[PDB]
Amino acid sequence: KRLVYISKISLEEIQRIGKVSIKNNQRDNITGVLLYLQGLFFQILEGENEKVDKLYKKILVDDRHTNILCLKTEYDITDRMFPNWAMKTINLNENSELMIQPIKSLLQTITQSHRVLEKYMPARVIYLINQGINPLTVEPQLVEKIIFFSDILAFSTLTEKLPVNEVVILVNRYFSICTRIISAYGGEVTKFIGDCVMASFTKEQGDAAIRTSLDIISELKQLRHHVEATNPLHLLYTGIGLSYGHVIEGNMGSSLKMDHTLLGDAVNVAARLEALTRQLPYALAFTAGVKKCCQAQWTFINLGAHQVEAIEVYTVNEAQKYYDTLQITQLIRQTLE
């Protein structure tokens, strides 16, 4: 198979890399080309399926380049594209031929624009692109997922009594903490909806979804006492709802607008449980489906049945609030006075 990917750095060393790649690829019966431009690498590799994946994993863990994204993969090609170039290194910055400068300049402009759009893509779509799968042709599937929903407590009072610059810092830190912990436990963030964070886990990650929920609550608790009382981060609380059910995962829309979405009642149920945590002594609430997806010995606490066809609500004893929810909203209210 042959693959195409772009990367990001972290000079005579890149010529040293080219010398190293020539010797290894010629030994490995693998050909291709490696380009460099303005701090970005462009490499094409081709060979037998088992051989190129062996090499692609070596460069994935390389310290020299970062932010790797496989753009394309063709598993059954008829003939190679560069049948004689073990690894042709092209330092395109050194090239000064004016006839290639337009193609050079357009390559840099689109690639830089491409690296920006990457940051807005859902993690599932980028994953599909890394696997050589076209997101516009892949059929959606019904999967058993654990839905994650979490937002900021008393966020209406915060937006009402905080400058625009302060709330942006507060939400960015909240999104950064949530995205980092969710991704660390193997979860996938779907999208941001206002101050809400939507994520999903597989049915094997039941305990990971609860550990993610507890780590997020714990990191916000650390952050609140890391800053001074004049810092908006001192008032950052969250509630977390989890649900389990059948959802349709895939890419929807038309040629004008596409999006990665999850279709199923478990999505709405997770949002209601997230809003239910305001009336509970616990900052985490999940259904029985999430509870039965857990193998670890959690101290499950039955919170009774609530209607959002009332459904059972559970939680863990570690999700207990050391504060009072209503007194915190009042504390948030009068602190901003």
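So that the term is clear: the rigid core is the largest set of C-alpha atoms that superpose within 1.5 Å between two forms. Numbers for residues come from their place in the sequence shown, where the first is 1.
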Task: Which of 249 to 257 and 134 to 142 lies farther from this form in 5 other deposited structures of this protein, as RMS of C-alpha positions after a rigid core fit - done: 249 to 257
TODO: Could you say which moves further from this form in 5 other deposited structures of this protein, stretch 265 to 273 or stretch 23 to 31, by root mean square CA distance after aligning on the core?
DONE: 23 to 31
TODO: Pick one of none, 1 to 3, 4 to 9 or 10 or more for the number of deposited-sequence residues not modelled between residue 10 and residue 11.
DONE: 4 to 9
Task: residue 59 to residue 60: deposited residues without atomic coordinates - done: none
TODO: May I ask you to compare 251 to 259 and 75 to 83 by their mean CA B factor in the entry and name the higher one?
DONE: 75 to 83
- [ ] Could you check which stretch, 48 to 56 or 35 to 43, carries the larger mean CA temperature factor in the entry?
- [x] 48 to 56
- [ ] Go through 64, 292, 278, 272 one by one and give the residue whose Cα B-factor in the PDB entry is largest.
- [x] 64
Task: Candidate set 91, 172, 141, 213 [ranked by C-alpha B-factor, highest] - done: 91
Task: Chain-wide C-alpha B factor ranking for residue 156, given as lowest, middle or highest third - done: middle
Task: Assigned third (lowest, middle, highest) for the C-alpha B factor of residue 296 - done: middle
Task: Record-listed C-alpha B factor of residue 283: chain third - done: middle
Task: Position of residue 242 among the chain's modelled residues by C-alpha B-factor, lowest, middle or highest third - done: lowest
Task: Record-listed C-alpha B factor of residue 228: chain third - done: middle
